[PDB]
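Comments concern the structure below.
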2 protein chains.
Amino acid sequence: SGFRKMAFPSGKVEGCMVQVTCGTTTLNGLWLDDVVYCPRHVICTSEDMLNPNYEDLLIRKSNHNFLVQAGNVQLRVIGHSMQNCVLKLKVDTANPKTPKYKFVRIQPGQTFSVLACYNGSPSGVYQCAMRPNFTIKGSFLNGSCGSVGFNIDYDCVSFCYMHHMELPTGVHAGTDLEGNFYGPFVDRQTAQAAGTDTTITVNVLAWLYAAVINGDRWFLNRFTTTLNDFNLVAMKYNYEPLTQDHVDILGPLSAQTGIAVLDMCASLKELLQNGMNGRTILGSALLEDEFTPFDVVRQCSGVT
Amino acid sequence: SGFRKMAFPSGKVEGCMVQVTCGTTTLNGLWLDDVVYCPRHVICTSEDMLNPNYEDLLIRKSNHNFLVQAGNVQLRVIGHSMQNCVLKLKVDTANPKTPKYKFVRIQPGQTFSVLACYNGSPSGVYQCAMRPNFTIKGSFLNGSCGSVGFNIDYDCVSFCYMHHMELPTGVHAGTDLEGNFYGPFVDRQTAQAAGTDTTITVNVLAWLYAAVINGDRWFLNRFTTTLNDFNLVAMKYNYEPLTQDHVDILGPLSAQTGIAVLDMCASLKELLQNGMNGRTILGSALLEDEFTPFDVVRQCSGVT
Ligand SMILES: c1cnc(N2CC[C@]3(CCOC3)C2)cn1
Ligand SMILES: c1cnc(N2CC[C@]3(CCOC3)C2)cn1
């Protein structure tokens, strides 16, 4: 019993982190096979970041200008290319610790683990969600760029995020490993405001199932609702609309607990309208939305 | 910027997890050098756990009755001994992935990372604190026993916890790696009620410093207090008494922020008396107490 914000074990990703330096800029790279992936802004001065022309800045860079260090050993860069907002540095040595991997582009509301790194060295691991406004609420200091987000399916690491930027509001933006930003963000130090950070309703409902499984039951009420009625309340409270697809995804938790999804929606509706009244659910005083239905099943079943 | 509940990178500990089976009981072991450490209750049936005589049950066990599997390779057990509530299984092979390590017994209020494991396989990593009543609020299913808690100082893993038990109230109890339980708990399926789960005041104050560093400032008020005045309020709210030693430990965060420790205590006093009024601090609607002053400095400074 018990329910924790849990990250994937990080060792398979630790084995891929390297340091990338270009001139005076140092950040992190991801070494998979004989390619190191890193933010293309490694080539920028902080001056450059105000209005960078990446193709033009990259013309002035040679393979030997990209210093890649794996632990305290230098890797030889034999090619480089820009793909969207990432650089791919071809090295002469395959990472011997390369895990089974995929590159995936996740949808808003999907969770992942971040291995926060500085100078190619892991500092910590935490669980994130892709917010509905395509930001993440991370913990990233200067030097953390190139830190990655991932999920694991048994022995296969699906890399879904690489850290690039902090918005002036202190939320985070980055790319998939093909270098495409999540959301409308760009790798430029300019006015970039995030949209509404709506609550991921299907994830809240998953977590309320997790709470029931773990004996936190006080919020279960005598009511049901419909998707349309629930969605009127969701809209009012800046929750994501619940779709039939979300109801289908919660089916296994409904089955396990015997609480119909729409009954749990009616419990959530009352929580939104009534608040917590100073009570807690799974040690939280707010409704937690960074567990997906799959996360709840995984943690409640002991998947390795 | 941003502040996350962050675990240590788990790879060094992943490299030490093994499966231990004795008869029909399977749980996790920690393989360091040529010793595997595991809960002594691996020798119990669930029947045995009601009133086990561990010395008597262990007489019926031989080295060959302890099946130790590291990945999908069997380790040869060449000796066993009981130390307090742990077994030490001597194997014929030093773990080649043994990190630099220490065994430490932590104090209540100290935080650590848990690598939750089943059948010797890592499932996830999360951050815990030793509660003032010597329980932890973990996420542990049947099979997670022998999962460990640790801190890392650069390349040295300090193991501080091994999981043994879930109390009937669904909180967790375990031992240090010398097999001594934290608190008054025993490895028997009996009436074991936890004492008051008081809030770790020095950790709350650390987190309020973290909040200020990260721009969450609304709760800063115009007041100061004294330790004795603060402690009258702490006692009323089931907070740990603040000592001069705690004030000294918060000195670096006071310095960094320019907020005197007793001024932050007066801000905390007002939060306790007034509540949050529906506001949040670092995305929390309650006062978080599972960051130590050292954790706040570490995460705010990017230590690897
Ligand atoms: C030395 C150290 N680690 C090596 N690995 C091979 C691939 C992994 C990651 C996925 O499984 C194991 C790591 C190889 N040689
Ligand atoms: C193969 C794979 N891993 C090995 N390791 C030696 C000790 C560590 C843990 C601490 O640093 C590295 C792991 C050795 N051989």
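Readers should treat all values here as calculations from the given coordinates under stated rules, not as data from a laboratory. When we count neighbours, we look across all protein chains shown, and the Cβ atoms used for this are built from the backbone with ideal geometry, even at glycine.
Points worth noting:
- Isotropically averaged projected area of chain A, using the convex hull of Cα atoms (one quarter of hull area), nm²: 16.2
- Amide H contacts under 5 Å for residue B:124: B:116, restricted to partners 5 or more places along the chain or on a different chain, H placed in the peptide plane at 1.01 Å from N.
- Net charge contributed by nearby residues that have their C-beta within less than 9 Å of residue B:234 (K/R +1, D/E -1): +1
- Long pairs among B:102/B:137; A:5/A:102; A:12/A:61; A:88/A:137; A:100/B:12, criterion Cα-Cα beyond 28 Å: A:12/A:61
- Average silhouette area of the stretch A:249-304, convex hull of alpha-carbon atoms, in square nanometres: 4.5
- Helix B:227-236 and the long axis of chain B differ in direction by around 60°, with both axes built from C-alpha atoms.
- Near residue A:165: Cβ cut-off under 13 Å, other residues only, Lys/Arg at +1 and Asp/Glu at -1. The net charge is 0.
- Within 10 Å of each Cβ in B:134-142, the average number of Cβ atoms from other chains: 4
- Number of partner chain Cβ atoms within 10 Å, mean per residue of A:270-281: 1
- Taking only the C-alpha atoms of the stretch A:198-301, Rg followed by Dmax gives 12.2, 35 Å.
- Beta bridges from DSSP with both residues in the protein assembly as shown: antiparallel share about 90 percent, rounded to the nearest 5.
- Cleavage-rule hits (trypsin sites (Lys or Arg not before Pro)) in the stretch B:29-75: DSSP loop, at most 10 neighbouring Cβ within 10 angstrom: B:60
- Contact order for chain A, expressed relative to its length and based on alpha carbon pairs under 8 Å spaced 6+ residues apart, stands at 17 percent.
- Inter-copy spacing of residue B:49 label points, which lie 7 Å from Cα along Cα→Cβ, given in nm from shortest upward: 5.2
- Inter-copy label distances at residue A:96, shortest first and taken from points set 7 Å along Cα to Cβ: 1.0 nm.
- Couplings 3J(HN,Hα) of the stretch B:287-304, computed from phi: 7, 7, 10, 10, 10, 7, x, 5, 4, 5, 4, 4, 5, 6, 10, x, 5, 10 Hz, in residue order, whole Hz [Karplus 6.51 cos²θ - 1.76 cosθ + 1.60, θ = phi - 60°; x for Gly and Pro].
- ³J(HN,Hα), Karplus 6.51/-1.76/1.60, whole Hz, each residue of the stretch A:162-175, x for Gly, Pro: 10, 6, 10, 8, 10, 5, x, 8, x, 9, 10, 9, x, 10
- Under-5 Å amide H pairs with residue B:83, H placed in peptide plane, nonlocal only: B:88
- In the elastic network of chain B, a GNM with C-alpha springs shorter than 10 Å, the most mobile of B:222, B:105, B:279 is B:222.
- Rounded to the nearest 20 debye, dipole of chain B from Cβ charges on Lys, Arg, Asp, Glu: 380
- Within a Gaussian network of chain B (alpha carbon springs, distance under 10 Å), most fluctuating of B:243, B:26, B:169: B:169
- Around the Cα centre of the stretch B:179-304, unit charges on the Cβ atoms of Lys, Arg, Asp and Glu (plus for the first two, minus for the last two) sum to a dipole of about 260 debye.
- Angle of helix A:201-213 to the longest C-alpha principal axis of chain A, folded into 0 to 90 degrees and rounded to 10: 60°.
- Here the dipole of the stretch B:15-99 is about 180 debye; that uses its Cα centre as origin and unit charges on the Cβ of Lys and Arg (positive) and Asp and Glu (negative).
- Shape of the protein assembly as shown, Cα gyration tensor, a/c cut at 1.5: rounded
- Remark: mean inter-chain Cβ contacts per residue of B:214-220 equal 1, using a 10 Å Cβ-Cβ cutoff to other protein chain atoms.
- Coupling constants for the stretch B:250-262 follow from the phi torsions by the Karplus curve (6.51 cos²θ - 1.76 cosθ + 1.60, θ = phi - 60°), and in residue order they are 7, x, x, 5, 4, 4, 4, 8, x, 9, 4, 4, 5 Hz; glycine and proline get x.
- Ordering of A:87-93, A:140-146, B:114-120 by burial proxy (mean other Cβ atoms within 10 Å per residue, highest first): B:114-120, A:140-146, A:87-93
- Mean separation of Cα pairs under 8 Å and 6 or more residues apart, divided by the residue count, gives the stretch A:73-125 a relative contact order of 20 percent.
- Sorted shortest first, the separations between the residue A:153 label point and its copies elsewhere in the assembly read 4.2 nm; each point sits 7 Å from Cα along the Cα-to-Cβ line.
- Among B:83, B:189, B:74, the largest mean-square fluctuation in a Gaussian network model of chain B, built with springs joining Cα atoms closer than 10 Å, belongs to B:74.
- Cα pair distances in the stretch A:15-99, grouped into 5 Å bins until the bin that holds the longest one, percent each: 3, 16, 29, 27, 14, 7, 4, 0
- Neighbours of residue B:73 by Cβ distance under 14 Å: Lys/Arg scored +1, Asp/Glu scored -1, total +1.
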